[PDB]
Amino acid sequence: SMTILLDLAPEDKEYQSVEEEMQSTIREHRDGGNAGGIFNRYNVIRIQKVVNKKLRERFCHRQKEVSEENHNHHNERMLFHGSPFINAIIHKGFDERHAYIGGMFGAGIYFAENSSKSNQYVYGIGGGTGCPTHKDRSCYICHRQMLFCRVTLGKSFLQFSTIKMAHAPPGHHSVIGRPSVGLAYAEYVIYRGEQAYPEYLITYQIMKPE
């Protein structure tokens, strides 16, 4: 459906809040930077607010159903999502028919509290072949994009190791993978696309350390 992208000004508190969450949640990955590249900082190019009436309608309708099953609590969290399918997401919304089958919690839609974890999926699973132009997973030239999303978690089912599932457990609305001594970083899983709204579209580069 019809999507409008509104540019946030770098001087605005809103743009600054999104960049602060993005920059401050960067951490070192176990693959030594193979999937997302080697960097300790991003160069934020643009931050846009995604406006889509039909997506907002579907998200708000689902929030009400979740609230009803969760003592009138949405349990909403702002979380990162990196994907080669950014264009489809901002126009058509998140779709569980395009879930990550290979995911450690089964065929769900995966979100991160660490921007660096989502950066590992911008070009595909495991970084795929990298940027389309230079076939480089650590490309410092190409402008990357990721989303900072409103995610309705409702009643979360907490897990610490791999358990493949198709849907959240009975009475639950999401699955959370927690880090332990185990997972390196937390993973947030929804099994219904309408439980996430792609609120912010961030255009950035990973920065090559000096």
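Residue numbers run from 1 along the displayed sequence.
message = Does the comparison with other PDB entries of this protein show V175 lacking coordinates in a third or more of them, where both adjacent residues are built?
response = Per the records, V175 is modelled in all the other entries.
message = Please determine whether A184 lacks coordinates in at least a third of the other PDB entries of this protein that model its flanking residues.
response = That residue is missing from at least a third of the other compared entries.
ask   = As recorded in the PDB entry, how many deposited residues are without coordinates between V181 and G182: none, 1 to 3, 4 to 9, or 10 or more?
value = Per the record, 1 to 3 deposited residues are absent between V181 and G182.
task = Select between 42 to 50 and 26 to 34 the stretch whose C-alpha atoms have the higher average B-factor in the entry.
result = Higher mean C-alpha B-factor in the PDB entry: 26 to 34.
message = Highest mean C-alpha temperature factor of the two stretches 88 to 96 and 128 to 136, which is it?
response = Comparing 128 to 136 with 88 to 96, the higher mean C-alpha B-factor belongs to 128 to 136.
ask   = Highest CA temperature factor in the entry: which of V151, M146, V175, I141?
value = Highest C-alpha B-factor among the listed residues goes to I141.
query = Based on the entry's values, in what third of the chain does the Cα temperature factor of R62 lie: lowest, middle or highest?
reply = Its C-alpha B-factor, which the entry lists for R62, ranks in the middle third among residues of this chain.
ask   = Looking at the C-alpha B-factor of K155, is it in the lowest, middle or highest third of its chain?
value = For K155, the deposited C-alpha B-factor lands in the lowest third.
inquiry  = Splitting the chain's C-alpha B-factors into thirds, which one does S118 fall into?
reply    = Answer is lowest: the recorded C-alpha B-factor places it there.
message = When the deposited Cα B-factors of this chain's modelled residues are ordered and cut into thirds, is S83 in the lowest, the middle or the highest one?
response = According to the entry, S83 has a C-alpha B-factor in the chain's lowest third.
request  = Would you mind ranking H167 by its C-alpha B-factor against the rest of the chain and naming the third, lowest, middle or highest?
outcome  = Answer is lowest: the recorded C-alpha B-factor places it there.
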